[PDB]
Structure formats: C-alpha cells, structure tokens
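Below is work_6.cif, holding mmCIF, C-alpha atoms.
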```
data_work
loop_
_atom_site.label_atom_id
_atom_site.label_comp_id
_atom_site.auth_asym_id
_atom_site.auth_seq_id
_atom_site.Cartn_x
_atom_site.Cartn_y
_atom_site.Cartn_z
CA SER A 372 31.71 39.82 -9.98
CA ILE A 373 29.18 42.26 -8.53
CA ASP A 374 27.51 40.89 -5.41
CA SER A 375 24.80 38.76 -6.98
CA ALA A 376 22.49 35.95 -5.94
CA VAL A 377 19.44 33.97 -7.04
CA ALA A 378 16.25 33.77 -4.99
CA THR A 379 13.71 30.97 -5.32
CA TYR A 380 9.92 31.24 -5.22
CA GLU A 381 7.79 28.21 -6.24
CA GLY A 382 9.77 27.32 -9.33
CA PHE A 383 10.77 30.87 -10.27
CA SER A 384 14.34 32.16 -10.02
CA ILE A 385 15.08 35.91 -9.59
CA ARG A 386 18.56 37.61 -9.85
CA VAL A 387 19.54 40.16 -7.11
CA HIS A 388 22.45 42.62 -7.69
CA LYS A 389 24.00 44.60 -4.80
CA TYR A 390 25.73 47.88 -5.85
CA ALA A 391 26.68 51.09 -3.99
CA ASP A 392 27.75 54.77 -4.36
CA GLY A 393 31.07 55.30 -2.54
CA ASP A 394 30.97 59.11 -2.31
CA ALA A 395 27.42 59.38 -0.87
CA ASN A 396 27.62 56.28 1.40
CA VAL A 397 24.39 54.77 -0.11
CA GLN A 398 23.92 50.95 -0.48
CA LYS A 399 21.43 49.79 -3.18
CA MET A 400 19.98 46.45 -4.50
CA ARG A 401 17.84 45.36 -7.53
CA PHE A 402 15.63 42.30 -8.22
CA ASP A 403 15.16 41.33 -11.87
CA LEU A 404 12.98 39.01 -13.93
CA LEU A 405 12.50 38.58 -17.69
CA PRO A 406 9.46 36.69 -19.07
CA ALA A 407 8.44 35.47 -22.52
CA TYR A 408 4.95 34.71 -23.85
CA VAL A 409 3.75 32.73 -26.87
CA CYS A 410 0.29 31.83 -28.21
CA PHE A 411 0.40 28.60 -30.21
CA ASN A 412 -3.16 28.22 -31.52
CA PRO A 413 -5.95 30.73 -30.76
CA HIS A 414 -8.64 28.08 -31.36
CA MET A 415 -7.84 26.13 -28.16
CA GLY A 416 -9.03 28.56 -25.50
CA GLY A 417 -11.19 31.52 -24.66
CA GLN A 418 -13.75 32.98 -22.27
CA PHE A 419 -16.89 31.27 -20.97
CA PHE A 420 -19.91 32.70 -19.17
CA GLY A 421 -23.23 31.41 -17.87
CA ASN A 422 -25.76 31.53 -20.69
CA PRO A 423 -29.43 32.43 -20.02
CA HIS V 54 6.19 45.93 4.07
CA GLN V 55 4.93 46.15 0.49
CA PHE V 56 6.73 47.01 -2.74
CA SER V 57 6.02 48.14 -6.29
CA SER V 58 7.72 47.10 -9.52
CA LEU V 59 9.02 48.95 -12.56
CA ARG V 60 8.35 47.92 -16.16
CA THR V 61 10.95 48.87 -18.77
CA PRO V 62 11.66 47.73 -22.35
CA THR V 63 15.36 47.15 -21.65
CA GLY V 64 15.93 47.54 -17.90
CA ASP V 65 16.70 51.22 -17.26
CA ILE V 66 16.00 52.54 -13.75
CA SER V 67 18.56 55.37 -13.68
CA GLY V 68 16.03 58.03 -14.64
CA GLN V 69 13.23 56.87 -12.36
CA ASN V 70 13.08 56.57 -8.56
CA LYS V 71 13.22 53.60 -6.21
CA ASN V 72 10.93 52.30 -3.45
CA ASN V 73 10.90 53.80 0.03
CA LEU V 74 10.91 51.83 3.28
CA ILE V 75 8.14 53.19 5.52
CA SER V 76 7.73 51.28 8.78
CA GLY V 77 4.52 51.20 10.79
CA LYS V 78 3.50 49.73 14.11
CA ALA V 79 0.34 48.67 15.93
CA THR V 80 0.10 49.55 19.62
CA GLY V 81 -1.78 47.91 22.47
CA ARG V 82 -2.40 49.47 25.86
CA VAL V 83 -3.93 48.57 29.22
CA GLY V 84 -7.57 49.26 30.07
CA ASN V 85 -9.37 49.95 33.35
CA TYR V 86 -9.86 47.99 36.56
CA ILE V 87 -12.88 45.69 36.74
CA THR V 88 -13.50 45.97 40.48
CA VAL V 89 -16.46 44.87 42.61
CA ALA V 90 -16.75 45.71 46.31
CA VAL V 91 -19.18 44.87 49.10
CA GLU V 92 -19.45 45.89 52.75
CA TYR V 93 -21.54 44.99 55.78
CA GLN V 94 -21.69 45.80 59.48
CA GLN V 95 -20.60 43.71 62.45
CA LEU V 96 -24.07 43.32 63.97
CA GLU V 97 -25.49 42.62 60.50
CA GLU V 98 -23.07 39.74 60.04
CA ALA V 99 -23.70 38.69 63.65
CA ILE V 100 -27.50 38.28 63.34
CA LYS V 101 -28.71 38.41 59.74
CA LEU V 102 -25.88 37.28 57.46
CA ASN V 103 -25.83 33.51 56.96
CA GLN V 104 -24.47 31.47 54.05
CA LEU V 105 -22.21 34.34 53.04
CA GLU V 106 -20.08 32.05 50.86
CA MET N 1 -6.24 10.92 3.78
CA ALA N 2 -7.39 10.26 0.20
CA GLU N 3 -9.63 7.21 0.55
CA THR N 4 -10.29 7.03 -3.19
CA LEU N 5 -7.68 5.71 -5.60
CA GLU N 6 -8.33 8.79 -7.74
CA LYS N 7 -6.96 11.12 -5.05
CA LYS N 8 -3.87 8.92 -4.65
CA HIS N 9 -3.28 9.00 -8.42
CA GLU N 10 -2.52 12.72 -8.74
CA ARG N 11 -0.19 12.51 -5.74
CA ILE N 12 1.74 9.83 -7.65
CA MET N 13 1.77 12.05 -10.75
CA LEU N 14 3.08 15.02 -8.75
CA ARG N 15 5.78 12.85 -7.19
CA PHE N 16 6.79 11.63 -10.65
CA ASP N 17 7.05 15.21 -11.91
CA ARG N 18 9.10 16.23 -8.88
CA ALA N 19 11.48 13.30 -9.38
CA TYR N 20 11.76 13.91 -13.14
CA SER N 21 12.47 17.65 -12.94
CA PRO N 22 16.08 17.68 -11.58
CA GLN N 23 17.46 14.44 -13.04
CA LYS N 24 16.67 15.40 -16.65
CA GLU N 25 19.92 16.57 -18.25
CA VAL N 26 22.29 13.97 -16.78
CA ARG N 27 20.14 11.22 -18.29
CA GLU N 28 20.20 13.16 -21.57
CA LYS N 29 24.00 13.01 -21.51
CA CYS N 30 23.94 9.30 -20.66
CA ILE N 31 21.57 8.52 -23.54
CA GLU N 32 23.62 10.63 -25.94
CA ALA N 33 26.81 8.85 -24.87
CA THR N 34 25.34 5.37 -25.35
CA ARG N 35 23.87 6.36 -28.73
CA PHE N 36 27.19 7.90 -29.81
CA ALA N 37 29.15 4.80 -28.79
CA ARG N 38 26.88 2.02 -30.10
CA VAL N 39 24.33 3.17 -32.71
CA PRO N 40 25.85 2.78 -36.21
CA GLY N 41 24.89 6.30 -37.31
CA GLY N 42 24.87 8.04 -33.93
CA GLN N 43 28.10 10.01 -34.27
CA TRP N 44 26.63 12.65 -36.62
CA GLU N 45 23.26 13.15 -34.90
CA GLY N 46 22.05 16.72 -34.69
CA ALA N 47 23.30 17.47 -38.21
CA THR N 48 21.91 14.52 -40.18
CA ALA N 49 20.49 16.70 -42.97
CA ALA N 50 22.86 19.56 -43.76
CA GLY N 51 23.64 20.95 -47.24
CA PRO B 204 6.02 28.35 6.66
CA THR B 205 9.38 27.32 5.18
CA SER B 206 12.49 29.51 5.44
CA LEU B 207 16.02 28.62 4.36
CA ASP B 208 19.43 29.81 5.49
CA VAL B 209 21.18 32.26 3.16
CA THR B 210 24.79 31.71 2.14
CA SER B 211 25.13 33.41 -1.28
CA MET B 212 27.84 30.89 -2.18
CA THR B 213 26.50 28.84 -5.10
CA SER B 214 24.75 29.97 -8.30
CA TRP B 215 28.35 30.97 -9.09
CA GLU B 216 28.47 30.12 -12.82
CA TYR B 217 25.69 27.53 -12.78
CA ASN B 218 22.19 27.26 -14.22
CA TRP B 219 19.21 26.47 -11.98
CA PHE B 220 16.19 24.29 -12.68
CA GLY B 221 15.84 22.73 -9.23
CA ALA B 222 13.76 25.12 -7.13
CA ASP B 223 12.42 22.74 -4.44
CA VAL B 224 15.22 22.77 -1.83
CA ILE B 225 15.29 24.14 1.73
CA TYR B 226 18.54 24.42 3.69
CA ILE B 227 18.40 23.25 7.32
CA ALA B 228 21.37 23.32 9.68
CA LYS B 229 22.40 21.29 12.71
CA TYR B 230 24.25 23.34 15.32
CA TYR B 231 26.71 21.87 17.82
CA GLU B 232 27.92 23.49 21.05
CA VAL B 233 30.21 22.45 23.90
CA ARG B 234 29.44 23.74 27.39
CA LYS B 235 30.80 23.49 30.93
CA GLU B 236 27.98 22.37 33.22
CA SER B 237 27.68 21.63 36.93
CA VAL B 238 26.58 18.04 37.58
CA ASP B 239 26.12 15.98 40.75
CA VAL B 240 28.03 12.69 40.88
CA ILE B 241 26.65 9.77 42.90
CA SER B 242 29.03 7.24 44.47
CA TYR B 243 27.63 3.76 45.10
CA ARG B 244 29.85 1.91 47.59
CA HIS B 245 28.34 -1.56 47.83
CA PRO B 246 31.21 -3.86 48.92
CA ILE B 247 29.77 -6.82 47.00
CA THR B 248 31.38 -7.35 43.57
CA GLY B 249 33.56 -4.25 43.64
CA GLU B 250 32.95 -1.25 45.90
CA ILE B 251 34.25 1.89 44.16
CA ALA B 252 31.71 3.01 41.54
CA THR B 253 30.92 6.65 40.75
#
```
Write out the structure in this file as structure tokens.
Amino acid sequence: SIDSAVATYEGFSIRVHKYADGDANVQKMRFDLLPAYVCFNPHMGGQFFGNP
Amino acid sequence: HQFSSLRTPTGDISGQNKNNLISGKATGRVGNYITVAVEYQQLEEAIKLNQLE
Amino acid sequence: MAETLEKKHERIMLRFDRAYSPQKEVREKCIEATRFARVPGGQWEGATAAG
Amino acid sequence: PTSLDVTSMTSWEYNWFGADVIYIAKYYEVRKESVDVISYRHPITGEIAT
C-alpha cells in the first residue's frame, strides 16, 4: 500500500511508486517498465538495401 | 524538461544516482524606437508646400 | 476525406481492433460458461489429456 | 493534445488492457449575480408581468 499508480501512453502501462525519507525530509518517485522479447523464426525478416 | 533512464538486471537503483531537475528559461526584451520626423518653416508651408498629405 | 474505398477499409479495421480490445475477456467467460453448461464434454476442458 | 485528470483512485487491484480512455469533467457553480428585471404593465389580458 505504497502510493502507487499506473500511467498510460499509447497502449503502454507504467507503474509509479512514491516513497520518502522521513529523517531528511526528501520525497522521491520511480517509474518502472519490464519488457520481453522473442524471435520466432529468423527466416521471416532481415535488412534490405538498394542494390547497384 | 528531459530525463534519462537506468537499465538494471533486477531493478536496483540504491547504489546509483537519480535525475536532477534543472530549469531553464528564454527571455524576450524590448528593442528601440522606430521614429521618423520632419520639419518645415511657416513661410515655406505658406508659399511652396502644397499637397502635404 | 478518403475518397477511395481502400482508405475507408483500414479505418474500419482500426475501429474493429479498438472495439475488440477491451471486450475480450468477458466474452471469453460467456463462451466458457455456455460450453460448460451445454457441450456434453465441456466440463473437463483444459485438462482433456492428463496422465 | 489530449490530457486527462489525475485521481489515482483505480488500478487498485485490477489489471489493465484498455489504454484508450481520457477523463473529462463537467464543473458546476452557483453564483449571485446582479440582473435587471423588466416589468411589462399592459392592462390587456392581465397587467402585472415581470
């Protein structure tokens, strides 16, 4: 139950946590995201350039 | 404002440092008068000056 | 303004995707409920082959 | 551009897949204003009418 929220940006959700240090009177925040990549078949893509 | 991001294998930022919040401004100021002045004498306007407008 | 029917087609496709995105899981539950209630073998789906 | 009001109320134990919403608010006020009333006093078919 730490002050937390989700922010939206064109179909992407990000989690913001608000936390603080009581003794030093400093208020801090953090934005987080965790991705995951996969490559199904290497033979269905690549690089193309203009041939001479 | 612009920000930079950290990249960690498990999400540790305790060791590193955070972003700073530097604020900048653009200023605009006034220039100089654009003045144009003319003068002529009473007899000149009495005899010679016509179609002054 | 999209005079051609081609340009109106991808707008329709985008609208279909936008409509399909949120209302996806509720319809999954509805389909699962109907299948569970009526299909003769639908009460053990998800573990048909276990051994 | 599009900007939404912030409430930080929901997302409280709930997954998100719908990311195409913008929150817009209607705002009602009540005020005391000075207005000028006009009194039409035509005797025909009733006379007092403000």
Which residues, written as a PyMOL selection string, have at least one atom at most 12 Å from segment 23-33 of chain N, with all atoms listed in the file counted and residues fewer than 2 positions away on the same chain left out? (chain N and resi 16-21+35-39+42-46) or (chain B and resi 218-221)
Chain B residues near chain A (7 Å cut-off, all atoms listed in the file) as a list in words: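 Within 7 Å of chain A on chain B, we get residues 211, 214 and 222 of chain B.
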Written as a list in words, which residues does the PyMOL selection byres ((chain V) within 12 of (chain A)) give for the file shown? residues 56, 57, 58, 59, 60, 61, 62, 63, 64, 65, 66, 67, 71, 72 and 73 of chain V
Evaluate the PyMOL selection byres ((chain B and resi 252) around 10) and report residues as a VMD selection string: chain B and resid 241 to 245 249 to 251 253
I need the chosen residues saved as a PDB file, keeping the file's coordinate frame, with C-alpha atoms.
```pdb
ATOM      1  CA  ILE B 241      26.650   9.770  42.900  1.00  0.00           C
ATOM      2  CA  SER B 242      29.030   7.240  44.470  1.00  0.00           C
ATOM      3  CA  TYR B 243      27.630   3.760  45.100  1.00  0.00           C
ATOM      4  CA  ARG B 244      29.850   1.910  47.590  1.00  0.00           C
ATOM      5  CA  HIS B 245      28.340  -1.560  47.830  1.00  0.00           C
ATOM      6  CA  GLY B 249      33.560  -4.250  43.640  1.00  0.00           C
ATOM      7  CA  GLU B 250      32.950  -1.250  45.900  1.00  0.00           C
ATOM      8  CA  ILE B 251      34.250   1.890  44.160  1.00  0.00           C
ATOM      9  CA  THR B 253      30.920   6.650  40.750  1.00  0.00           C
TER      10      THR B 253
END
```
Take atom CA of residue 223 of chain B and atom CA of residue 10 of chain N and report the distance between them in Å, one decimal.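 Computed distance, atom CA of residue 223 of chain B to atom CA of residue 10 of chain N, equals 18.5 Å.
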9 Å contact set for segment 224-227 of chain B, only C-alpha atoms, chain neighbours under 4 positions out, as a PDB file with C-alpha atoms, in the frame of the given file:
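As written to disk, out.pdb reads:
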```pdb
ATOM      1  CA  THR B 205       9.380  27.320   5.180  1.00  0.00           C
ATOM      2  CA  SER B 206      12.490  29.510   5.440  1.00  0.00           C
ATOM      3  CA  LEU B 207      16.020  28.620   4.360  1.00  0.00           C
ATOM      4  CA  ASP B 208      19.430  29.810   5.490  1.00  0.00           C
ATOM      5  CA  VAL B 209      21.180  32.260   3.160  1.00  0.00           C
TER       6      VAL B 209
END
```
Return the padded bounding box of segment 227-232 of chain B as JSON: axis-aligned, built from all atoms listed in the file, 6 Å added on each side, with centre and edge lengths in Å to one decimal.
```
{"center_x": 23.2, "center_y": 22.4, "center_z": 14.2, "size_x": 21.5, "size_y": 14.2, "size_z": 25.7}
```
If you measure from atom CA of residue 34 of chain N to atom CA of residue 22 of chain N, what distance in Å do you get, rounded to one decimal?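 The value is 20.7 Å.
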Gap from atom CA of residue 406 of chain A to atom CA of residue 210 of chain B - Å, one decimal: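 Going from atom CA of residue 406 of chain A over to atom CA of residue 210 of chain B covers 26.6 Å.
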Missing atoms of segment 400-411 of chain A rebuilt to N, CA, C and O atoms, written as an mmCIF file, in the frame of the given file:
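Contents of selection.cif, freshly written:
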```
data_model
loop_
_atom_site.group_PDB
_atom_site.id
_atom_site.type_symbol
_atom_site.label_atom_id
_atom_site.label_comp_id
_atom_site.auth_asym_id
_atom_site.auth_seq_id
_atom_site.Cartn_x
_atom_site.Cartn_y
_atom_site.Cartn_z
ATOM 1 N N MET A 400 20.162 47.839 -4.001
ATOM 2 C CA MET A 400 19.980 46.450 -4.500
ATOM 3 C C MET A 400 18.953 46.471 -5.633
ATOM 4 O O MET A 400 18.232 47.458 -5.712
ATOM 5 N N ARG A 401 18.898 45.442 -6.485
ATOM 6 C CA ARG A 401 17.840 45.360 -7.530
ATOM 7 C C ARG A 401 17.440 43.913 -7.789
ATOM 8 O O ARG A 401 18.341 43.077 -7.869
ATOM 9 N N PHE A 402 16.148 43.621 -7.907
ATOM 10 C CA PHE A 402 15.630 42.300 -8.220
ATOM 11 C C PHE A 402 15.082 42.321 -9.639
ATOM 12 O O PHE A 402 14.319 43.227 -9.993
ATOM 13 N N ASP A 403 15.446 41.319 -10.443
ATOM 14 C CA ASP A 403 15.160 41.330 -11.870
ATOM 15 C C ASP A 403 14.448 40.048 -12.291
ATOM 16 O O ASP A 403 14.689 38.973 -11.736
ATOM 17 N N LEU A 404 13.578 40.173 -13.291
ATOM 18 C CA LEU A 404 12.980 39.010 -13.930
ATOM 19 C C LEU A 404 12.638 39.360 -15.373
ATOM 20 O O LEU A 404 12.269 40.497 -15.670
ATOM 21 N N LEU A 405 12.766 38.382 -16.264
ATOM 22 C CA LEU A 405 12.500 38.580 -17.690
ATOM 23 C C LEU A 405 11.627 37.456 -18.224
ATOM 24 O O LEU A 405 12.098 36.302 -18.315
ATOM 25 N N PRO A 406 10.359 37.734 -18.558
ATOM 26 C CA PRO A 406 9.460 36.690 -19.070
ATOM 27 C C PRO A 406 9.390 36.628 -20.584
ATOM 28 O O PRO A 406 9.976 37.459 -21.284
ATOM 29 N N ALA A 407 8.657 35.639 -21.094
ATOM 30 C CA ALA A 407 8.440 35.470 -22.520
ATOM 31 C C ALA A 407 7.133 34.717 -22.732
ATOM 32 O O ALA A 407 6.922 33.658 -22.132
ATOM 33 N N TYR A 408 6.268 35.265 -23.582
ATOM 34 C CA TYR A 408 4.950 34.710 -23.850
ATOM 35 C C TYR A 408 4.851 34.251 -25.304
ATOM 36 O O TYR A 408 5.463 34.838 -26.200
ATOM 37 N N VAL A 409 4.069 33.195 -25.525
ATOM 38 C CA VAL A 409 3.750 32.730 -26.870
ATOM 39 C C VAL A 409 2.322 32.198 -26.873
ATOM 40 O O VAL A 409 1.835 31.673 -25.869
ATOM 41 N N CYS A 410 1.642 32.351 -28.007
ATOM 42 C CA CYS A 410 0.290 31.830 -28.210
ATOM 43 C C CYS A 410 0.339 30.877 -29.401
ATOM 44 O O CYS A 410 0.486 31.319 -30.544
ATOM 45 N N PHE A 411 0.214 29.573 -29.143
ATOM 46 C CA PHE A 411 0.400 28.600 -30.210
ATOM 47 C C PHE A 411 -0.785 28.595 -31.172
ATOM 48 O O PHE A 411 -0.639 28.899 -32.362
#
```
